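> The structure file upload36.pdb (PDB, C-alpha atoms) is provided below.
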ATOM      1  CA  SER A   1     -12.836 -14.833  12.717
ATOM      2  CA  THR A   2     -12.411 -13.274   9.287
ATOM      3  CA  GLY A   3     -12.967  -9.938   7.544
ATOM      4  CA  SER A   4     -13.482  -8.929   3.904
ATOM      5  CA  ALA A   5     -13.595  -5.356   2.577
ATOM      6  CA  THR A   6     -13.674  -3.839  -0.882
ATOM      7  CA  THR A   7     -10.895  -1.402  -1.783
ATOM      8  CA  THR A   8     -11.530   1.251  -4.452
ATOM      9  CA  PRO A   9      -9.158   3.416  -6.515
ATOM     10  CA  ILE A  10      -9.279   7.101  -5.557
ATOM     11  CA  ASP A  11      -9.010   8.289  -9.165
ATOM     12  CA  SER A  12      -8.812   7.180 -12.794
ATOM     13  CA  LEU A  13      -5.059   6.438 -12.518
ATOM     14  CA  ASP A  14      -5.195   4.111  -9.472
ATOM     15  CA  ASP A  15      -2.995   6.594  -7.579
ATOM     16  CA  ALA A  16      -4.088   4.916  -4.340
ATOM     17  CA  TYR A  17      -6.893   2.751  -2.966
ATOM     18  CA  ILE A  18      -9.352   3.464  -0.132
ATOM     19  CA  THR A  19     -11.094   0.943   2.086
ATOM     20  CA  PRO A  20     -13.953   1.800   4.456
ATOM     21  CA  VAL A  21     -13.130   1.337   8.175
ATOM     22  CA  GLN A  22     -15.558   1.575  11.115
ATOM     23  CA  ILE A  23     -14.154   3.414  14.136
ATOM     24  CA  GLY A  24     -15.862   3.958  17.460
ATOM     25  CA  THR A  25     -19.344   3.534  18.889
ATOM     26  CA  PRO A  26     -21.627   4.345  17.149
ATOM     27  CA  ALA A  27     -19.506   3.587  14.116
ATOM     28  CA  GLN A  28     -17.781   6.432  12.317
ATOM     29  CA  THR A  29     -16.826   5.228   8.844
ATOM     30  CA  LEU A  30     -13.627   6.645   7.365
ATOM     31  CA  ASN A  31     -11.984   5.707   4.057
ATOM     32  CA  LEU A  32      -8.407   4.700   4.797
ATOM     33  CA  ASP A  33      -5.386   3.922   2.633
ATOM     34  CA  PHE A  34      -4.232   0.410   3.626
ATOM     35  CA  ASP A  35      -0.446   0.580   3.618
ATOM     36  CA  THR A  36       1.721  -2.547   3.889
ATOM     37  CA  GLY A  37       4.754  -0.214   3.988
ATOM     38  CA  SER A  38       3.954   1.481   7.324
ATOM     39  CA  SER A  39       2.580   0.579  10.715
ATOM     40  CA  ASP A  40       0.465   3.476  12.010
ATOM     41  CA  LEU A  41      -3.334   3.695  11.870
ATOM     42  CA  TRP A  42      -3.912   7.452  11.780
ATOM     43  CA  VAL A  43      -6.932   9.561  10.897
ATOM     44  CA  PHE A  44      -8.087  13.046  10.139
ATOM     45  CA  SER A  45      -9.985  14.090  13.258
ATOM     46  CA  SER A  46     -11.728  16.793  15.230
ATOM     47  CA  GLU A  47      -8.230  17.651  16.501
ATOM     48  CA  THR A  48      -6.730  18.293  13.039
ATOM     49  CA  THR A  49      -5.694  21.914  12.404
ATOM     50  CA  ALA A  50      -8.752  23.315  10.634
ATOM     51  CA  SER A  51      -6.816  24.909   7.750
ATOM     52  CA  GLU A  52      -5.322  21.466   6.993
ATOM     53  CA  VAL A  53      -8.705  19.784   6.496
ATOM     54  CA  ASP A  54     -10.256  20.107   3.010
ATOM     55  CA  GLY A  55     -13.099  17.648   2.415
ATOM     56  CA  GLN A  56     -11.944  14.652   4.463
ATOM     57  CA  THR A  57     -14.231  12.793   6.813
ATOM     58  CA  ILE A  58     -12.997  13.192  10.387
ATOM     59  CA  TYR A  59     -13.016  10.957  13.449
ATOM     60  CA  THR A  60     -14.464  12.703  16.502
ATOM     61  CA  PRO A  61     -13.444  10.724  19.589
ATOM     62  CA  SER A  62     -15.722  12.747  21.882
ATOM     63  CA  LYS A  63     -18.704  11.241  20.000
ATOM     64  CA  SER A  64     -17.517   7.648  20.554
ATOM     65  CA  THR A  65     -18.532   5.963  23.811
ATOM     66  CA  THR A  66     -15.671   3.477  23.487
ATOM     67  CA  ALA A  67     -12.873   6.026  22.799
ATOM     68  CA  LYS A  68     -10.270   6.527  25.517
ATOM     69  CA  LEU A  69      -7.320   8.924  25.401
ATOM     70  CA  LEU A  70      -4.045   6.979  25.541
ATOM     71  CA  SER A  71      -2.552   9.380  28.039
ATOM     72  CA  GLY A  72       0.851  10.806  27.182
ATOM     73  CA  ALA A  73       1.142   9.082  23.820
ATOM     74  CA  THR A  74       2.136  10.996  20.704
ATOM     75  CA  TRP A  75       3.093   9.990  17.166
ATOM     76  CA  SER A  76       4.894  11.505  14.197
ATOM     77  CA  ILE A  77       5.563   9.919  10.835
ATOM     78  CA  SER A  78       7.334  10.833   7.617
ATOM     79  CA  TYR A  79       6.763   8.847   4.443
ATOM     80  CA  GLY A  80       8.985   8.085   1.467
ATOM     81  CA  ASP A  81       7.239  10.675  -0.685
ATOM     82  CA  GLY A  82       8.102  13.419   1.806
ATOM     83  CA  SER A  83       4.634  13.686   3.316
ATOM     84  CA  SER A  84       4.074  13.645   7.076
ATOM     85  CA  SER A  85       1.567  13.785   9.918
ATOM     86  CA  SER A  86       1.545  13.823  13.730
ATOM     87  CA  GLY A  87      -0.712  13.980  16.749
ATOM     88  CA  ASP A  88      -1.968  12.152  19.821
ATOM     89  CA  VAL A  89      -3.589   8.746  20.386
ATOM     90  CA  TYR A  90      -6.896   7.181  21.419
ATOM     91  CA  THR A  91      -7.813   3.544  21.794
ATOM     92  CA  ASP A  92     -11.156   2.551  20.283
ATOM     93  CA  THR A  93     -13.025  -0.250  18.529
ATOM     94  CA  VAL A  94     -12.055  -0.650  14.874
ATOM     95  CA  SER A  95     -13.749  -2.958  12.370
ATOM     96  CA  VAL A  96     -12.725  -3.820   8.811
ATOM     97  CA  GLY A  97     -15.090  -5.825   6.665
ATOM     98  CA  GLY A  98     -16.795  -7.412   9.667
ATOM     99  CA  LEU A  99     -13.610  -8.113  11.643
ATOM    100  CA  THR A 100     -13.502  -6.227  14.944
ATOM    101  CA  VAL A 101     -10.539  -5.248  17.128
ATOM    102  CA  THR A 102     -11.174  -3.687  20.535
ATOM    103  CA  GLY A 103      -8.509  -1.461  22.079
ATOM    104  CA  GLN A 104      -6.928  -0.515  18.750
ATOM    105  CA  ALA A 105      -4.609   2.502  18.798
ATOM    106  CA  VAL A 106      -6.222   5.168  16.630
ATOM    107  CA  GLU A 107      -3.728   7.931  16.024
ATOM    108  CA  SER A 108      -5.492  11.281  15.793
ATOM    109  CA  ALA A 109      -3.827  13.862  13.543
ATOM    110  CA  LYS A 110      -3.195  17.322  14.906
ATOM    111  CA  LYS A 111      -1.083  18.208  11.856
ATOM    112  CA  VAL A 112      -0.865  16.830   8.301
ATOM    113  CA  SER A 113       1.322  17.916   5.384
ATOM    114  CA  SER A 114      -0.052  19.565   2.274
ATOM    115  CA  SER A 115      -0.285  16.415   0.156
ATOM    116  CA  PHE A 116      -2.724  14.904   2.670
ATOM    117  CA  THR A 117      -4.827  18.078   2.890
ATOM    118  CA  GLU A 118      -4.969  18.279  -0.896
ATOM    119  CA  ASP A 119      -6.304  14.729  -1.223
ATOM    120  CA  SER A 120      -9.921  14.914  -0.112
ATOM    121  CA  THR A 121     -10.517  11.208  -0.777
ATOM    122  CA  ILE A 122      -8.140   9.778   1.849
ATOM    123  CA  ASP A 123      -9.261  10.101   5.487
ATOM    124  CA  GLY A 124      -6.123   8.462   6.917
ATOM    125  CA  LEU A 125      -3.861   5.424   6.696
ATOM    126  CA  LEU A 126      -4.073   1.910   8.113
ATOM    127  CA  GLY A 127      -0.611   0.418   8.400
ATOM    128  CA  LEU A 128      -0.023  -3.261   7.738
ATOM    129  CA  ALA A 129       3.786  -3.532   7.960
ATOM    130  CA  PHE A 130       5.359  -4.949  11.124
ATOM    131  CA  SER A 131       4.563  -3.281  14.450
ATOM    132  CA  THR A 132       8.253  -2.578  15.084
ATOM    133  CA  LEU A 133       7.825   0.427  12.735
ATOM    134  CA  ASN A 134       4.934   1.963  14.672
ATOM    135  CA  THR A 135       5.802   5.549  15.693
ATOM    136  CA  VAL A 136       3.786   5.919  18.923
ATOM    137  CA  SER A 137       5.888   7.113  21.844
ATOM    138  CA  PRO A 138       6.674   6.321  24.605
ATOM    139  CA  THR A 139       4.732   3.054  24.255
ATOM    140  CA  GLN A 140       4.845   1.586  20.749
ATOM    141  CA  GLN A 141       1.487   0.293  19.516
ATOM    142  CA  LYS A 142       0.398  -2.731  17.487
ATOM    143  CA  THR A 143      -1.121  -2.702  14.001
ATOM    144  CA  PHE A 144      -4.716  -3.716  13.327
ATOM    145  CA  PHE A 145      -3.430  -6.996  11.854
ATOM    146  CA  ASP A 146      -1.188  -7.721  14.823
ATOM    147  CA  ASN A 147      -4.087  -7.132  17.236
ATOM    148  CA  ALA A 148      -6.481  -9.274  15.167
ATOM    149  CA  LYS A 149      -4.056 -12.114  14.444
ATOM    150  CA  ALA A 150      -4.772 -14.442  17.367
ATOM    151  CA  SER A 151      -8.508 -14.342  16.632
ATOM    152  CA  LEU A 152      -8.194 -14.981  12.892
ATOM    153  CA  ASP A 153      -8.951 -18.392  11.416
ATOM    154  CA  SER A 154      -5.488 -18.209   9.802
ATOM    155  CA  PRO A 155      -2.850 -15.536  10.560
ATOM    156  CA  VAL A 156      -2.928 -13.958   7.090
ATOM    157  CA  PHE A 157      -4.311 -11.109   5.066
ATOM    158  CA  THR A 158      -4.524 -10.840   1.295
ATOM    159  CA  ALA A 159      -4.401  -7.934  -1.152
ATOM    160  CA  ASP A 160      -6.274  -8.227  -4.449
ATOM    161  CA  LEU A 161      -5.993  -4.793  -6.025
ATOM    162  CA  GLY A 162      -7.849  -3.958  -9.207
ATOM    163  CA  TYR A 163      -6.661  -2.272 -12.381
ATOM    164  CA  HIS A 164      -8.967   0.703 -12.867
ATOM    165  CA  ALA A 165     -11.476  -1.244 -10.734
ATOM    166  CA  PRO A 166     -12.298  -2.184  -7.155
ATOM    167  CA  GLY A 167     -10.582  -5.051  -5.389
ATOM    168  CA  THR A 168     -10.499  -6.752  -2.016
ATOM    169  CA  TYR A 169      -8.588  -6.995   1.267
ATOM    170  CA  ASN A 170      -9.347 -10.210   3.182
ATOM    171  CA  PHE A 171      -8.285 -11.029   6.727
ATOM    172  CA  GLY A 172      -7.925 -14.524   8.118
ATOM    173  CA  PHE A 173      -8.577 -16.631   5.003
ATOM    174  CA  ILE A 174      -7.383 -17.260   1.462
ATOM    175  CA  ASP A 175     -10.167 -17.002  -1.154
ATOM    176  CA  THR A 176      -9.279 -19.836  -3.507
ATOM    177  CA  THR A 177     -11.702 -18.447  -6.124
ATOM    178  CA  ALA A 178      -9.776 -15.157  -6.404
ATOM    179  CA  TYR A 179      -6.716 -16.395  -8.296
ATOM    180  CA  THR A 180      -5.672 -18.761 -11.075
ATOM    181  CA  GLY A 181      -3.135 -21.564 -10.800
ATOM    182  CA  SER A 182      -1.164 -21.947  -7.595
ATOM    183  CA  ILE A 183       0.211 -19.490  -5.034
ATOM    184  CA  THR A 184       4.011 -19.366  -4.897
ATOM    185  CA  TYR A 185       5.390 -18.517  -1.478
ATOM    186  CA  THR A 186       8.702 -16.786  -0.902
ATOM    187  CA  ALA A 187      10.762 -15.867   2.181
ATOM    188  CA  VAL A 188      10.347 -12.585   4.064
ATOM    189  CA  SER A 189      12.873 -10.637   6.088
ATOM    190  CA  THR A 190      11.371  -8.493   8.836
ATOM    191  CA  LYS A 191      14.744  -6.898   9.712
ATOM    192  CA  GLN A 192      13.684  -3.457   8.391
ATOM    193  CA  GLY A 193      10.053  -3.868   9.509
ATOM    194  CA  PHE A 194       8.743  -4.365   5.963
ATOM    195  CA  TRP A 195       7.336  -7.250   3.942
ATOM    196  CA  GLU A 196      10.771  -7.558   2.342
ATOM    197  CA  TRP A 197      11.458 -10.341  -0.145
ATOM    198  CA  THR A 198      13.726 -11.194  -3.093
ATOM    199  CA  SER A 199      12.398 -11.442  -6.625
ATOM    200  CA  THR A 200      14.205 -13.949  -8.847
ATOM    201  CA  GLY A 201      14.385 -11.699 -11.925
ATOM    202  CA  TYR A 202      12.531  -9.943 -14.718
ATOM    203  CA  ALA A 203      11.607  -9.817 -18.393
ATOM    204  CA  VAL A 204      10.605  -6.923 -20.653
ATOM    205  CA  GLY A 205       7.757  -7.667 -23.039
ATOM    206  CA  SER A 206       8.295 -10.922 -24.919
ATOM    207  CA  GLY A 207      12.010 -10.812 -24.081
ATOM    208  CA  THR A 208      14.035 -13.481 -22.348
ATOM    209  CA  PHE A 209      13.910 -13.716 -18.579
ATOM    210  CA  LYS A 210      16.921 -12.342 -16.727
ATOM    211  CA  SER A 211      17.724 -14.311 -13.583
ATOM    212  CA  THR A 212      18.866 -11.845 -10.942
ATOM    213  CA  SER A 213      18.031 -11.284  -7.286
ATOM    214  CA  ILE A 214      16.059  -8.113  -6.583
ATOM    215  CA  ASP A 215      15.450  -7.381  -2.904
ATOM    216  CA  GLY A 216      12.418  -5.164  -2.320
ATOM    217  CA  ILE A 217       9.253  -4.562  -0.326
ATOM    218  CA  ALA A 218       5.615  -5.358  -1.038
ATOM    219  CA  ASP A 219       4.050  -1.951  -0.462
ATOM    220  CA  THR A 220       0.359  -1.309  -1.107
ATOM    221  CA  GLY A 221       0.837   2.320  -0.063
ATOM    222  CA  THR A 222       3.208   3.139  -2.927
ATOM    223  CA  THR A 223       1.648   3.756  -6.354
ATOM    224  CA  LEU A 224       4.482   2.767  -8.687
ATOM    225  CA  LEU A 225       7.076   0.045  -9.198
ATOM    226  CA  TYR A 226      10.571   1.235  -8.181
ATOM    227  CA  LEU A 227      13.460  -0.946  -9.317
ATOM    228  CA  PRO A 228      17.225  -0.676  -9.902
ATOM    229  CA  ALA A 229      18.305   1.772 -12.611
ATOM    230  CA  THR A 230      19.675  -1.046 -14.782
ATOM    231  CA  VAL A 231      16.292  -2.816 -14.844
ATOM    232  CA  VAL A 232      14.331   0.382 -15.435
ATOM    233  CA  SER A 233      16.620   1.491 -18.286
ATOM    234  CA  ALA A 234      16.188  -1.918 -19.952
ATOM    235  CA  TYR A 235      12.393  -1.508 -19.780
ATOM    236  CA  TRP A 236      12.189   2.039 -21.148
ATOM    237  CA  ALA A 237      14.733   1.316 -23.902
ATOM    238  CA  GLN A 238      11.930  -0.729 -25.505
ATOM    239  CA  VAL A 239       9.633   2.314 -25.806
ATOM    240  CA  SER A 240      10.428   4.688 -28.692
ATOM    241  CA  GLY A 241      10.977   8.194 -27.418
ATOM    242  CA  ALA A 242      10.997   7.331 -23.702
ATOM    243  CA  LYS A 243      13.502   9.211 -21.569
ATOM    244  CA  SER A 244      14.293  10.116 -17.993
ATOM    245  CA  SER A 245      13.382  13.729 -17.273
ATOM    246  CA  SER A 246      14.927  15.421 -14.250
ATOM    247  CA  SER A 247      12.448  18.292 -14.612
ATOM    248  CA  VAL A 248       9.467  15.947 -14.408
ATOM    249  CA  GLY A 249      11.089  13.601 -11.882
ATOM    250  CA  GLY A 250      11.389  10.317 -13.743
ATOM    251  CA  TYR A 251      10.804   8.429 -16.953
ATOM    252  CA  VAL A 252       8.271   9.839 -19.398
ATOM    253  CA  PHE A 253       7.152   8.426 -22.730
ATOM    254  CA  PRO A 254       5.119   9.605 -25.738
ATOM    255  CA  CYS A 255       1.420   9.175 -24.978
ATOM    256  CA  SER A 256       1.090   7.655 -28.474
ATOM    257  CA  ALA A 257       3.199   4.629 -27.429
ATOM    258  CA  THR A 258       2.039   1.089 -26.810
ATOM    259  CA  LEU A 259       3.844  -0.072 -23.659
ATOM    260  CA  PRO A 260       5.354  -3.544 -23.322
ATOM    261  CA  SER A 261       4.526  -5.772 -20.382
ATOM    262  CA  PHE A 262       6.938  -6.325 -17.493
ATOM    263  CA  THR A 263       7.393  -9.708 -15.825
ATOM    264  CA  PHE A 264       8.849 -10.278 -12.345
ATOM    265  CA  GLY A 265       9.919 -13.565 -10.790
ATOM    266  CA  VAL A 266       8.627 -15.125  -7.586
ATOM    267  CA  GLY A 267      10.689 -18.235  -7.127
ATOM    268  CA  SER A 268      10.193 -20.254 -10.312
ATOM    269  CA  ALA A 269       6.851 -18.513 -10.953
ATOM    270  CA  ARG A 270       6.258 -15.378 -13.029
ATOM    271  CA  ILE A 271       3.887 -12.430 -12.582
ATOM    272  CA  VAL A 272       3.104 -10.435 -15.741
ATOM    273  CA  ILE A 273       2.265  -6.740 -15.463
ATOM    274  CA  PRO A 274       0.401  -5.714 -18.638
ATOM    275  CA  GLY A 275       1.760  -2.672 -20.444
ATOM    276  CA  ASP A 276      -1.417  -0.684 -19.784
ATOM    277  CA  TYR A 277      -0.774  -0.890 -16.019
ATOM    278  CA  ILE A 278       2.447   1.096 -16.553
ATOM    279  CA  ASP A 279       0.691   4.125 -18.113
ATOM    280  CA  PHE A 280       0.122   6.974 -15.638
ATOM    281  CA  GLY A 281      -1.121   9.428 -18.221
ATOM    282  CA  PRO A 282      -0.204  12.965 -19.241
ATOM    283  CA  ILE A 283       2.332  14.708 -17.016
ATOM    284  CA  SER A 284       0.008  17.738 -17.011
ATOM    285  CA  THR A 285      -3.478  18.204 -18.459
ATOM    286  CA  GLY A 286      -3.350  18.133 -22.270
ATOM    287  CA  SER A 287       0.297  17.075 -22.520
ATOM    288  CA  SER A 288       1.406  14.449 -24.997
ATOM    289  CA  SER A 289       4.163  13.376 -22.575
ATOM    290  CA  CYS A 290       2.991  10.561 -20.294
ATOM    291  CA  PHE A 291       4.394   9.474 -16.916
ATOM    292  CA  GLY A 292       5.796   5.963 -16.529
ATOM    293  CA  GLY A 293       4.723   3.446 -13.909
ATOM    294  CA  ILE A 294       8.151   1.841 -13.580
ATOM    295  CA  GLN A 295      10.730   4.195 -12.095
ATOM    296  CA  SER A 296      14.248   4.009 -10.670
ATOM    297  CA  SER A 297      14.741   3.263  -6.980
ATOM    298  CA  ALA A 298      18.205   4.853  -7.064
ATOM    299  CA  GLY A 299      18.353   7.276  -4.173
ATOM    300  CA  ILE A 300      15.287   5.771  -2.434
ATOM    301  CA  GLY A 301      17.563   3.185  -0.879
ATOM    302  CA  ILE A 302      15.130   0.310  -1.377
ATOM    303  CA  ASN A 303      13.262  -1.342  -4.248
ATOM    304  CA  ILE A 304       9.481  -1.049  -3.943
ATOM    305  CA  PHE A 305       6.930  -3.442  -5.404
ATOM    306  CA  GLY A 306       4.104  -0.917  -5.235
ATOM    307  CA  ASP A 307       0.569  -1.028  -6.629
ATOM    308  CA  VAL A 308       1.676  -1.301 -10.304
ATOM    309  CA  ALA A 309       3.210  -4.688  -9.463
ATOM    310  CA  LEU A 310       0.837  -5.868  -6.733
ATOM    311  CA  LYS A 311      -2.359  -5.255  -8.723
ATOM    312  CA  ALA A 312      -1.152  -7.824 -11.292
ATOM    313  CA  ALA A 313      -1.305 -10.518  -8.580
ATOM    314  CA  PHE A 314      -3.260 -12.033  -5.726
ATOM    315  CA  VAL A 315      -0.909 -11.425  -2.792
ATOM    316  CA  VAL A 316      -0.830 -13.320   0.512
ATOM    317  CA  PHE A 317       0.745 -11.606   3.516
ATOM    318  CA  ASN A 318       1.388 -14.598   5.790
ATOM    319  CA  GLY A 319       1.899 -13.466   9.386
ATOM    320  CA  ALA A 320       2.753 -16.866  10.825
ATOM    321  CA  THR A 321       5.633 -17.126  13.326
ATOM    322  CA  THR A 322       7.951 -17.130  10.319
ATOM    323  CA  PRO A 323       6.314 -14.717   7.884
ATOM    324  CA  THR A 324       6.199 -15.333   4.133
ATOM    325  CA  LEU A 325       4.664 -13.726   1.010
ATOM    326  CA  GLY A 326       2.620 -15.557  -1.605
ATOM    327  CA  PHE A 327       1.906 -14.470  -5.170
ATOM    328  CA  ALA A 328      -0.569 -15.919  -7.661
ATOM    329  CA  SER A 329      -1.718 -14.788 -11.098
ATOM    330  CA  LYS A 330      -5.400 -13.835 -11.406
TER     331      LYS A 330
END
Would you mind writing the file's structure down as structure tokens?


Amino acid sequence: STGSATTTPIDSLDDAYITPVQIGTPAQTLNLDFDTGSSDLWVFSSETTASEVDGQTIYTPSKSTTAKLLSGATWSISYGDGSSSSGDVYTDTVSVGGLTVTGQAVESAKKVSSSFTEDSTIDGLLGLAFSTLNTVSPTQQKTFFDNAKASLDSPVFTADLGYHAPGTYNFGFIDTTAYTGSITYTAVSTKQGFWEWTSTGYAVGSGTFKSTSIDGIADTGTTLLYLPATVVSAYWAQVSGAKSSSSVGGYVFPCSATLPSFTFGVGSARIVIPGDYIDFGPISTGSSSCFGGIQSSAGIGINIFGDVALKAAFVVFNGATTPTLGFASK
């Protein structure tokens, strides 16, 4: 089997991407944030504290003939940005782009933090990291990908995120028309439960490539590119007037600037992030200070190849017995 679904930016800055997901019988379609940095499929629901729902579409398990309470199971998750959610668990039928999993754990939110409430466009998350990170207790649950894997034509999914435009998540096949050149594959460590890999270096603009190992995670659920302070300083030093602002919470730059590209290494291959992808616009409405898309990972504890980086590539998440990651230009 295979699946193919379009993923769409939630706003003009590509702050996140939503992908329609069918849950239950008859189908209830919710727009979920596919997150390769976590492993819980959770949704706004009929059980969510009413004051914490503001425009989201909710899953109502009582209206699904295939929903079953997973008795005794609860979940609770905290994300890197400080947001959180928790609740109980149903199993139900879940389909993405024509690919159906029966018996999928659907985590129903009883509580969500303010950032979720305040984002009316995201109805929940669909985790695509390794199932060892799943938070369901006392019986840990499998991700949608893990449940689908055996049935897939090939045990892979791909992320093809757009810049200010829709893109695609495919399951079970590699669309050879979706990228240019060849795909370069690189080793993955699953020790922390992430799609963790080591980049071979970077370049700023038309500058020379610096060979250096950068361990980080491929994370579709993180907006920006978070790298070591040395790398980030070297980038922003090439933008007149750019500076790190503690009051704003990272590097800002004059909105009048033209940003240089940023290249990262994947083995001997190179992925180029155009300068425009690194512009996240005015810090506040009407400001001439703009927020940067490359930020320091210092104090996160991990480097994160988030959407800014991933949307410059066609990315293969290979879930074979020994997982790997593939990157191609597009």

> Which polymer residues have any atom within 9 Å of an atom of stretch 234-245 of chain A, counting all atoms listed in the file, with same-chain residues fewer than 4 positions away left out, as a list in words?

residues 203, 204, 205, 229, 230, 249, 250, 251, 252, 253, 254, 257, 258, 259, 260, 261, 262, 292 and 294 of chain A

> Convert the output of the PyMOL selection byres ((chain A and resi 59) around 9) on the shown file into explicit residues, formatted as number ranges by chain.

A: 23-24, 28-30, 43-47, 57-58, 60-61, 63, 108, 123

> So, counting all atoms listed in the file, which residue among A:26, A:49, A:125, A:72 is closest to residue A:93?

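Using all atoms listed in the file, residue A:93 sits closest to A:26.
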
> Report the residues retrieved by the PyMOL selection byres ((chain A and resi 214-219) around 7) from the displayed file, expressed as JSON, numbers by chain.

{"A": [35, 36, 37, 194, 195, 196, 197, 198, 199, 200, 201, 212, 213, 220, 221, 222, 302, 303, 304, 305, 306]}

> Under the rule that all atoms listed in the file are counted, which of A:226, A:163, A:171, A:317 is the nearest residue to residue A:273?

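With all atoms listed in the file as the atom set, the closest residue is A:163.
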
> Enclose the full set of atoms of stretch 205-208 of chain A listed in the file within a box whose edges lie along x, y and z, apply 5 Å of padding to each of the six sides, and report centre and edge lengths in Å to one decimal as lines of an AutoDock Vina configuration file.


center_x = 10.9
center_y = -10.6
center_z = -23.6
size_x = 16.3
size_y = 15.8
size_z = 12.6

> How far is it from atom CA of residue A:233 to atom CA of residue A:309, in Å with one decimal?

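Going from atom CA of residue A:233 over to atom CA of residue A:309 covers 17.2 Å.
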
> Quick one: distance from atom CA of residue A:105 to atom CA of residue A:65 in Å, one decimal?

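Those two atoms sit 15.2 Å apart.
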
> Since the input is missing atoms for stretch 42-55 of chain A, could you rebuild it with N, CA, C and O atoms and give the result as a PDB file, in the coordinates of the input?


ATOM      1  N   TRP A  42      -3.662   6.060  11.413  1.00  0.00           N
ATOM      2  CA  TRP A  42      -3.912   7.452  11.780  1.00  0.00           C
ATOM      3  C   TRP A  42      -5.033   8.022  10.935  1.00  0.00           C
ATOM      4  O   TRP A  42      -5.256   7.592   9.795  1.00  0.00           O
ATOM      5  N   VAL A  43      -5.752   8.981  11.517  1.00  0.00           N
ATOM      6  CA  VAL A  43      -6.932   9.561  10.897  1.00  0.00           C
ATOM      7  C   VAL A  43      -6.989  11.067  11.023  1.00  0.00           C
ATOM      8  O   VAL A  43      -6.520  11.661  12.009  1.00  0.00           O
ATOM      9  N   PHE A  44      -7.575  11.687  10.012  1.00  0.00           N
ATOM     10  CA  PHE A  44      -8.087  13.046  10.139  1.00  0.00           C
ATOM     11  C   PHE A  44      -9.109  13.040  11.271  1.00  0.00           C
ATOM     12  O   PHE A  44      -9.863  12.077  11.419  1.00  0.00           O
ATOM     13  N   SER A  45      -9.151  14.105  12.067  1.00  0.00           N
ATOM     14  CA  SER A  45      -9.985  14.090  13.258  1.00  0.00           C
ATOM     15  C   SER A  45     -10.460  15.480  13.610  1.00  0.00           C
ATOM     16  O   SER A  45     -10.091  16.469  12.978  1.00  0.00           O
ATOM     17  N   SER A  46     -11.265  15.538  14.660  1.00  0.00           N
ATOM     18  CA  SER A  46     -11.728  16.793  15.230  1.00  0.00           C
ATOM     19  C   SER A  46     -10.575  17.603  15.816  1.00  0.00           C
ATOM     20  O   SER A  46     -10.742  18.782  16.121  1.00  0.00           O
ATOM     21  N   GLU A  47      -9.415  16.970  15.975  1.00  0.00           N
ATOM     22  CA  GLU A  47      -8.230  17.651  16.501  1.00  0.00           C
ATOM     23  C   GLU A  47      -7.326  18.210  15.402  1.00  0.00           C
ATOM     24  O   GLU A  47      -6.391  18.947  15.699  1.00  0.00           O
ATOM     25  N   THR A  48      -7.583  17.847  14.146  1.00  0.00           N
ATOM     26  CA  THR A  48      -6.730  18.293  13.039  1.00  0.00           C
ATOM     27  C   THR A  48      -6.886  19.798  12.798  1.00  0.00           C
ATOM     28  O   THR A  48      -8.004  20.311  12.670  1.00  0.00           O
ATOM     29  N   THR A  49      -5.751  20.494  12.746  1.00  0.00           N
ATOM     30  CA  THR A  49      -5.694  21.914  12.404  1.00  0.00           C
ATOM     31  C   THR A  49      -6.687  22.214  11.286  1.00  0.00           C
ATOM     32  O   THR A  49      -6.609  21.626  10.207  1.00  0.00           O
ATOM     33  N   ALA A  50      -7.612  23.133  11.532  1.00  0.00           N
ATOM     34  CA  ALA A  50      -8.752  23.315  10.634  1.00  0.00           C
ATOM     35  C   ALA A  50      -8.326  23.663   9.205  1.00  0.00           C
ATOM     36  O   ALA A  50      -8.913  23.167   8.239  1.00  0.00           O
ATOM     37  N   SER A  51      -7.295  24.489   9.071  1.00  0.00           N
ATOM     38  CA  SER A  51      -6.816  24.909   7.750  1.00  0.00           C
ATOM     39  C   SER A  51      -6.180  23.761   6.956  1.00  0.00           C
ATOM     40  O   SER A  51      -5.882  23.909   5.772  1.00  0.00           O
ATOM     41  N   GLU A  52      -5.960  22.632   7.619  1.00  0.00           N
ATOM     42  CA  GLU A  52      -5.322  21.466   6.993  1.00  0.00           C
ATOM     43  C   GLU A  52      -6.332  20.384   6.638  1.00  0.00           C
ATOM     44  O   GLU A  52      -5.959  19.324   6.137  1.00  0.00           O
ATOM     45  N   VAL A  53      -7.607  20.665   6.893  1.00  0.00           N
ATOM     46  CA  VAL A  53      -8.705  19.784   6.496  1.00  0.00           C
ATOM     47  C   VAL A  53      -9.452  20.405   5.315  1.00  0.00           C
ATOM     48  O   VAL A  53      -9.904  21.555   5.398  1.00  0.00           O
ATOM     49  N   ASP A  54      -9.585  19.643   4.228  1.00  0.00           N
ATOM     50  CA  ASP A  54     -10.256  20.107   3.010  1.00  0.00           C
ATOM     51  C   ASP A  54     -11.058  18.965   2.366  1.00  0.00           C
ATOM     52  O   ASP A  54     -10.654  18.393   1.354  1.00  0.00           O
ATOM     53  N   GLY A  55     -12.178  18.613   2.984  1.00  0.00           N
ATOM     54  CA  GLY A  55     -13.099  17.648   2.415  1.00  0.00           C
ATOM     55  C   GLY A  55     -13.047  16.255   3.014  1.00  0.00           C
ATOM     56  O   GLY A  55     -13.904  15.432   2.711  1.00  0.00           O
TER      57      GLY A  55
END
